[PDB]
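File shown: protein33.pdb (PDB, C-alpha atoms).
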```pdb
ATOM      1  CA  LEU W  14       0.000   0.000   0.000
ATOM      2  CA  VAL W  15       0.885   3.632  -0.534
ATOM      3  CA  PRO W  16      -0.275   5.495   2.640
ATOM      4  CA  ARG W  17      -1.944   8.917   3.040
ATOM      5  CA  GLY W  18       0.450  11.722   2.174
ATOM      6  CA  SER W  19       2.486   9.746  -0.382
ATOM      7  CA  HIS W  20       0.175   9.912  -3.403
ATOM      8  CA  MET W  21       0.764  12.567  -6.069
ATOM      9  CA  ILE W  22      -1.103  15.812  -5.579
ATOM     10  CA  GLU W  23      -0.887  18.772  -7.941
ATOM     11  CA  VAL W  24      -0.731  22.144  -6.179
ATOM     12  CA  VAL W  25      -1.548  25.336  -8.093
ATOM     13  CA  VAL W  26       0.756  28.293  -7.339
ATOM     14  CA  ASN W  27      -0.582  31.734  -8.292
ATOM     15  CA  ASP W  28       1.710  34.760  -8.763
ATOM     16  CA  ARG W  29       1.224  38.557  -8.568
ATOM     17  CA  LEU W  30       0.592  38.685 -12.320
ATOM     18  CA  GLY W  31      -2.107  35.990 -12.270
ATOM     19  CA  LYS W  32       0.059  33.260 -13.768
ATOM     20  CA  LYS W  33      -0.533  29.705 -12.544
ATOM     21  CA  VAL W  34       2.173  27.096 -12.141
ATOM     22  CA  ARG W  35       1.298  23.517 -11.245
ATOM     23  CA  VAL W  36       3.668  21.583  -8.979
ATOM     24  CA  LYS W  37       3.298  17.810  -8.576
ATOM     25  CA  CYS W  38       4.260  16.744  -5.048
ATOM     26  CA  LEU W  39       3.328  14.663  -1.979
ATOM     27  CA  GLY W  40       1.123  15.693   0.934
ATOM     28  CA  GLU W  41       3.929  14.607   3.304
ATOM     29  CA  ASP W  42       6.426  17.104   1.773
ATOM     30  CA  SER W  43       7.393  20.044   3.953
ATOM     31  CA  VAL W  44       6.613  23.535   2.630
ATOM     32  CA  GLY W  45      10.427  23.842   2.515
ATOM     33  CA  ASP W  46      10.803  20.848   0.226
ATOM     34  CA  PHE W  47       7.817  22.084  -1.810
ATOM     35  CA  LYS W  48       9.567  25.450  -2.284
ATOM     36  CA  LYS W  49      12.707  23.659  -3.517
ATOM     37  CA  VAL W  50      10.836  22.022  -6.415
ATOM     38  CA  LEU W  51       8.701  25.123  -7.060
ATOM     39  CA  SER W  52      11.886  27.243  -7.360
ATOM     40  CA  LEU W  53      13.409  24.937  -9.972
ATOM     41  CA  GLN W  54      10.193  25.161 -12.010
ATOM     42  CA  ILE W  55       9.952  28.996 -11.848
ATOM     43  CA  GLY W  56      13.621  30.055 -11.837
ATOM     44  CA  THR W  57      14.160  31.381  -8.307
ATOM     45  CA  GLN W  58      15.579  30.286  -4.916
ATOM     46  CA  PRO W  59      13.470  29.224  -1.874
ATOM     47  CA  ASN W  60      14.843  32.153   0.196
ATOM     48  CA  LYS W  61      13.402  34.638  -2.350
ATOM     49  CA  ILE W  62       9.781  33.528  -1.967
ATOM     50  CA  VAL W  63       6.820  33.402   0.425
ATOM     51  CA  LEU W  64       3.747  31.158   0.020
ATOM     52  CA  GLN W  65       0.300  31.755   1.450
ATOM     53  CA  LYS W  66      -2.854  29.691   1.633
ATOM     54  CA  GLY W  67      -6.002  31.798   1.936
ATOM     55  CA  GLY W  68      -4.480  34.673   3.868
ATOM     56  CA  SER W  69      -1.863  32.895   5.969
ATOM     57  CA  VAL W  70       1.833  32.359   5.359
ATOM     58  CA  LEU W  71       3.069  28.766   5.191
ATOM     59  CA  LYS W  72       5.991  27.879   7.459
ATOM     60  CA  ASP W  73       8.825  25.866   5.900
ATOM     61  CA  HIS W  74       8.976  23.154   8.555
ATOM     62  CA  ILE W  75       5.300  22.147   8.407
ATOM     63  CA  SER W  76       3.888  19.606   5.917
ATOM     64  CA  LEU W  77       1.554  20.439   3.028
ATOM     65  CA  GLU W  78      -1.095  18.014   4.380
ATOM     66  CA  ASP W  79      -0.996  19.722   7.798
ATOM     67  CA  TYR W  80      -1.888  22.980   6.063
ATOM     68  CA  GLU W  81      -4.663  21.035   4.304
ATOM     69  CA  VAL W  82      -2.925  21.519   0.946
ATOM     70  CA  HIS W  83      -4.527  18.961  -1.351
ATOM     71  CA  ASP W  84      -4.681  18.159  -5.055
ATOM     72  CA  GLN W  85      -5.781  21.337  -6.914
ATOM     73  CA  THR W  86      -5.337  23.532  -3.808
ATOM     74  CA  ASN W  87      -4.343  27.092  -4.764
ATOM     75  CA  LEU W  88      -1.424  28.863  -3.079
ATOM     76  CA  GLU W  89      -0.441  32.526  -3.478
ATOM     77  CA  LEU W  90       3.212  33.272  -4.322
ATOM     78  CA  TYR W  91       5.012  36.460  -3.272
ATOM     79  CA  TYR W  92       8.607  37.482  -3.878
ATOM     80  CA  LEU W  93      10.569  39.287  -1.180
TER
ATOM     81  CA  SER V   1       4.343  22.662 -16.167
ATOM     82  CA  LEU V   2       6.002  19.230 -15.590
ATOM     83  CA  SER V   3       5.204  15.500 -15.826
ATOM     84  CA  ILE V   4       5.528  13.052 -12.903
ATOM     85  CA  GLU V   5       8.635  11.607 -14.593
ATOM     86  CA  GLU V   6      10.267  15.055 -14.938
ATOM     87  CA  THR V   7       9.210  16.114 -11.427
ATOM     88  CA  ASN V   8      10.816  12.918 -10.050
ATOM     89  CA  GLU V   9      14.148  13.742 -11.713
ATOM     90  CA  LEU V  10      14.108  16.978  -9.709
ATOM     91  CA  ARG V  11      12.999  15.190  -6.528
ATOM     92  CA  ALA V  12      15.683  12.495  -6.879
ATOM     93  CA  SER V  13      18.335  15.179  -7.441
ATOM     94  CA  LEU V  14      17.181  16.930  -4.238
ATOM     95  CA  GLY V  15      17.142  13.600  -2.360
ATOM     96  CA  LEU V  16      13.359  13.620  -1.836
ATOM     97  CA  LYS V  17      11.086  10.549  -1.844
ATOM     98  CA  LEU V  18       9.781   9.766  -5.328
ATOM     99  CA  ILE V  19       6.194  10.264  -6.421
ATOM    100  CA  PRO V  20       4.638   6.778  -7.022
ATOM    101  CA  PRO V  21       3.692   5.902 -10.665
TER
END
```

Write the structure described by the file as structure tokens, please.
Amino acid sequence: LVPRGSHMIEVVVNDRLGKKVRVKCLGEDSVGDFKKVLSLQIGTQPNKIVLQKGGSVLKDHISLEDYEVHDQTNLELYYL
Amino acid sequence: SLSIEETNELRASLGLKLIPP
């Protein structure tokens, strides 16, 4: 069996120009490890960016699933 | 913007657990 948090989910990241980028990942991934893959897809570094889900900033150490980030969940991207 | 296969190349490089097929 593949347990909860280790199936592919596709998270939608939304920038300040209304562009969407889809990142395939696992619910068990930390926000930090999510940012690492995101950054390679969008041409930045994790330390240059902030992610928010519906108003609140996501902390690097905490998992996507703990923030209730699921397949097709939208996140808002900001650059420092 | 990327397939599971391509995403996994990135994950593997970063030492993360792979996304199941």

Each residue of chain V lying at most 7 Å from chain W should get a row with its shortest atom-to-atom pair and the distance in Å to one decimal, counting all atoms listed in the file; could you produce that, ordered by chain and increasing number, as a Markdown table?
```
| residue | atom | partner | partner_atom | distance |
| --- | --- | --- | --- | --- |
| V:1 | CA | W:35 | CA | 5.9 |
| V:4 | CA | W:37 | CA | 6.8 |
| V:7 | CA | W:37 | CA | 6.8 |
| V:10 | CA | W:50 | CA | 6.9 |
| V:19 | CA | W:21 | CA | 5.9 |
| V:20 | CA | W:20 | CA | 6.5 |
```

Atom pair atom CA of residue 60 of chain W + atom CA of residue 43 of chain W, distance 14.7 Å

_Evaluate the PyMOL selection byres ((chain W and resi 67) around 10) against this structure - the residues, as a list in words, please._
residues 64, 65, 66, 68, 69, 70, 87, 88 and 89 of chain W

- Of the residues W:44, W:18, W:85, W:92, which is the one nearest to residue 56 of chain W, using only C-alpha atoms?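 The answer is W:92, which sits nearest to residue 56 of chain W.
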
Polymer residues at most 7 Å from residue 28 of chain W, only C-alpha atoms, same-chain spacing of 2 or more positions, as a PyMOL selection string
chain W and resi 26+30-33+89-91

N, CA and C atoms are what I want for chain V; can you complete it accordingly and write them as a short mmCIF file (atom, residue, chain, number, x, y, z; two decimals), in the coordinates of the input?
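Output file part_18.cif follows:
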```cif
data_model
loop_
_atom_site.label_atom_id
_atom_site.label_comp_id
_atom_site.auth_asym_id
_atom_site.auth_seq_id
_atom_site.Cartn_x
_atom_site.Cartn_y
_atom_site.Cartn_z
N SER V 1 3.49 22.53 -14.95
CA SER V 1 4.34 22.66 -16.17
C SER V 1 5.24 21.44 -16.41
N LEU V 2 5.13 20.42 -15.55
CA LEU V 2 6.00 19.23 -15.59
C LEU V 2 5.28 17.90 -15.36
N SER V 3 5.75 16.84 -16.02
CA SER V 3 5.20 15.50 -15.83
C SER V 3 5.70 14.88 -14.52
N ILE V 4 5.08 13.78 -14.10
CA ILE V 4 5.53 13.05 -12.90
C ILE V 4 6.98 12.58 -13.08
N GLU V 5 7.29 12.08 -14.28
CA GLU V 5 8.64 11.61 -14.59
C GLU V 5 9.67 12.72 -14.45
N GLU V 6 9.37 13.90 -15.01
CA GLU V 6 10.27 15.06 -14.94
C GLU V 6 10.38 15.61 -13.52
N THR V 7 9.24 15.67 -12.82
CA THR V 7 9.21 16.11 -11.43
C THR V 7 10.08 15.20 -10.56
N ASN V 8 10.01 13.89 -10.80
CA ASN V 8 10.82 12.92 -10.05
C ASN V 8 12.33 13.01 -10.27
N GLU V 9 12.74 13.48 -11.45
CA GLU V 9 14.15 13.74 -11.71
C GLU V 9 14.63 14.83 -10.77
N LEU V 10 13.81 15.87 -10.62
CA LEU V 10 14.11 16.98 -9.71
C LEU V 10 14.12 16.50 -8.26
N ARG V 11 13.08 15.77 -7.87
CA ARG V 11 13.00 15.19 -6.53
C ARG V 11 14.20 14.32 -6.18
N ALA V 12 14.53 13.38 -7.07
CA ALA V 12 15.68 12.50 -6.88
C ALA V 12 16.97 13.29 -6.70
N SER V 13 17.17 14.31 -7.54
CA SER V 13 18.34 15.18 -7.44
C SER V 13 18.43 15.84 -6.06
N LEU V 14 17.28 16.26 -5.54
CA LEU V 14 17.18 16.93 -4.24
C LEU V 14 17.17 15.95 -3.06
N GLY V 15 17.17 14.66 -3.38
CA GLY V 15 17.14 13.60 -2.36
C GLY V 15 15.79 13.40 -1.70
N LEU V 16 14.71 13.81 -2.37
CA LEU V 16 13.36 13.62 -1.84
C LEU V 16 12.79 12.27 -2.26
N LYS V 17 11.82 11.77 -1.50
CA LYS V 17 11.09 10.55 -1.84
C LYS V 17 10.38 10.71 -3.19
N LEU V 18 10.39 9.67 -4.01
CA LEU V 18 9.78 9.77 -5.33
C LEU V 18 8.26 9.73 -5.26
N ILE V 19 7.63 10.40 -6.22
CA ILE V 19 6.19 10.26 -6.42
C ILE V 19 5.90 8.92 -7.11
N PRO V 20 5.09 8.06 -6.46
CA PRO V 20 4.64 6.78 -7.02
C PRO V 20 4.03 6.92 -8.42
N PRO V 21 4.21 5.90 -9.29
CA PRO V 21 3.69 5.90 -10.66
C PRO V 21 2.18 6.14 -10.76
#
```
